[PDB]
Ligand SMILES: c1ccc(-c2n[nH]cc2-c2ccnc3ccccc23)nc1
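First, one chain by itself in structure tokens, the form deposited without the named molecule.
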């Protein structure tokens, strides 16, 4: 990387001429080992996420704990091997490793989004009907692209939630955290594979353990159910005429912080309960369309739920009718 080169230049180059594939390993290494960390931004099972700068420009750095090397590799593997680039998917920049044994240092580098996670964004703000559409549409667009097979294999996130989604300056979203993701090669009907993910968003089939992990579709479906819970968190903060609910996680009133697999299973599987869809949401077209989707996402039977592409389509429709 010569003098004057900027992050933008790099990204632009892989994005255009790059031909699906990303920066050269040597370049990734150089970027990584030449970044300057600012401060921490968040944690997780993996490790910590930091806000860093590369030659002035901001960037996000996920630093893994030596004992979490599998997550580091898995996620980098899915990004690079697949050449999975998309407006609504956290933009991968580089991967790198540094020490030996116990002190091995594993990093991943991506675009930086000052707004943080959708979770933080919704706790900090309320949103326009237009704003709500932007967020939901983008999120659906991304999940649609992940599930879509092309080229690239189909991918199931396996851990969707407001905290794994980031919001850009332009009020759009991008899925993030592919550490638990699963791939499906149709041409071989194989899936490099154990219930994982945040309990609060686990789908019904997943909770009672009735899910068939032999059919890749099972995973795509569980993704939709959670994406529905996310749309719920969003619409809740869609303020029309000063009226809006306070930010709340799904099932915030039916189960304790840090729900157990059992606590969740009782409310979701047994009691067959779902987040409460407010009455006022019948107000405008938008709120209705959304409420509609949410229901067609929460079905106990997965094969009955809507598909990501489906939601992207109908949500894309509601958007043109809004002149967005």
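Numbering follows the first chain given and starts at 1. In this text, rigid core is short for the largest set of C-alphas that superpose within 1.5 Å between two forms.
Beyond the structure shown, there is the form solved in complex with the named molecule, which is absent from this document and is the topic of what follows.
Which of 291-299, 266-274, 251-259, 57-65 has heavy atoms within 4.5 Å of the named molecule in the bound PDB entry?
-> Careful reading of the contacts points to 57-65.
Considering 113, 158, 147, 183, which brings a non-hydrogen atom within 4.5 Å of the named molecule in the bound PDB entry?
-> It is 113.
Heavy atom within 4.5 Å of the named molecule in the bound PDB entry - residue from 140, 203, 238, 166 = Only one option qualifies, and that one is 166.
Give a yes/no on whether residue 176 approaches the named molecule to within 4.5 Å in the bound PDB entry, heavy atoms considered.
-> Within the cut-off, so yes.
In the bound PDB entry, does residue 108 have a heavy atom within 4.5 Å of the named molecule?
-> Looking in the bound PDB entry, residue contacts with the named molecule include residue 108, since a heavy atom lies within 4.5 Å.
Does residue 41 reach the named molecule in the bound PDB entry, with heavy atoms at most 4.5 Å apart?
-> Yes, residue 41 lies within 4.5 Å of the named molecule in the bound PDB entry.
Is there any non-hydrogen atom of residue 49 lying within 4.5 Å of the named molecule in the bound PDB entry?
-> It does: once the named molecule is placed as it appears in the bound PDB entry, residue 49 has a heavy atom within 4.5 Å of it.
Does any residue in 224-252 get within 4.5 Å of the named molecule in the bound PDB entry, counting heavy atoms only, and if so which ones?
-> Heavy-atom contacts within 4.5 Å come from no residue here.
Following superposition of the rigid core, which of 123, 239, 172, 104 is the only residue with a C-alpha displacement of 2 Å or more between the shown form and the other one?
-> If I go through the list carefully, the shifting residue is 104.
Work out the direction of the Cα-Cα change for residue 177 and residue 102 in the bound PDB entry: closer or farther than in this form? It's 3 angstroms or more.
-> It is farther: the C-alpha separation of residue 177 and residue 102 rises by at least 3 Å in the bound PDB entry.
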